[PDB]
Amino acid sequence: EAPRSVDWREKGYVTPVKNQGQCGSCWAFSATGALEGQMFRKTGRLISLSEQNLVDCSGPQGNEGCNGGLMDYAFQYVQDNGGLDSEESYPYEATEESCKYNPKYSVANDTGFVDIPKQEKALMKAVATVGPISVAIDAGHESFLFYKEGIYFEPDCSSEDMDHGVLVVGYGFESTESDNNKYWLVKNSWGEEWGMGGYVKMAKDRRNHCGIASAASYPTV
Ligand SMILES: *CC(=O)[C@H](Cc1ccc(OC(C)(C)C)cc1)NC(=O)[C@H](Cc1ccccc1)NC(=O)OCc1ccccc1
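What follows is the structure in structure tokens.
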């Protein structure tokens, strides 16, 4: 099913690549990424959202600030809290601070979230139909830290111990690559100097490589 290629960046759904710095907040960038996309779907307005808001404020939902967290917990915080502040209003500091949420600066909401079935087919359908999707991958590899170009494939990757929250913004195939030629287009949060301007093409339809389909979800708006 679905189109053979999808890239939500071409439609105005995606903010530029951000940089989490020396703070374990990948989950918060994945979540703001998915929420940015869904708010844009809903309203036609793209507004960068505050990861710091999530880092400082979503402890009650289970998140652990710069020590780690879950995208679904972030989506839950937005729902419980009744809002989330803009990036511009509540800027990213890459450390933990007092929660400074101000509803006057809220620019987004959600009514909960949807967990996608653990299959690449379902992830494809979600990406094609919904917009950018929050996912977690096994990025615990020198090959990933030093990734620069090409479709990422790591023979020692696992689908069971994912450690890194990122955002799938589309998928395609490389006229070049063909044998195992499909990729997921993944927005990372490590700045533009990493990978391909901050993005990585992850191997697609190679039996759920790196667990990309195992922890996929999106916020309901
Ligand atoms: C991606 C992150 O910043 C954090 C912490 C982290 C930093 C660096 C690494 O190493 C490299 C190699 C990836 C650079 C690893 C981790 N990771 C998370 O917050 C992680 C993301 C995730 C993983 C699976 C599914 C969804 C999100 N979440 C996490 O570790 O959660 C642990 C946890 C469990 C229960 C309650 C709170 C937190």
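Heads up: the sequence shown is residues 1 to 221, going by the deposited numbering. Yeah, the Cβ is synthetic: ideal placement off N, Cα and C, and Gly gets one too.
- Ligand 1 has no heavy atom closer than 6 Å to the beta-carbon of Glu51.
- Following the DSSP letters along the chain, one finds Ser143 inside the alpha helix (DSSP H) bounded by residues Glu142 to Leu145.
- Relative to ligand 1, the beta carbon of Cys157 is positioned no closer than 6 Å to any heavy atom.
- When distances are taken from the beta-carbon of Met39 to the heavy atoms of ligand 1, even the shortest one reaches 6 Å or more.
- Judged by DSSP secondary structure, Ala31 falls outside any beta strand (DSSP E) and instead within the alpha helix (DSSP H) spanning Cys26 to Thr43.
- Taking the C-beta atoms as reference points, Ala28 is found nearer than 7 Å to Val55.
- Assignment of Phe153 by DSSP, reduced to helix, strand and coil, places it in the coil class.
- Assignment of beta-bridge partners to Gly165 by DSSP yields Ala136.
- The alpha carbon of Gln52 has as its nearest neighbour, out of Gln20, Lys204 and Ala122, the alpha carbon of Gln20.
- If you ignore the 5 residues before and after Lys118, its C-beta comes within less than 7 Å of the C-beta of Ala213 and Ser214, all in its own chain and listed in chain order.
- The three-state secondary structure of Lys187, taken from DSSP, is strand.
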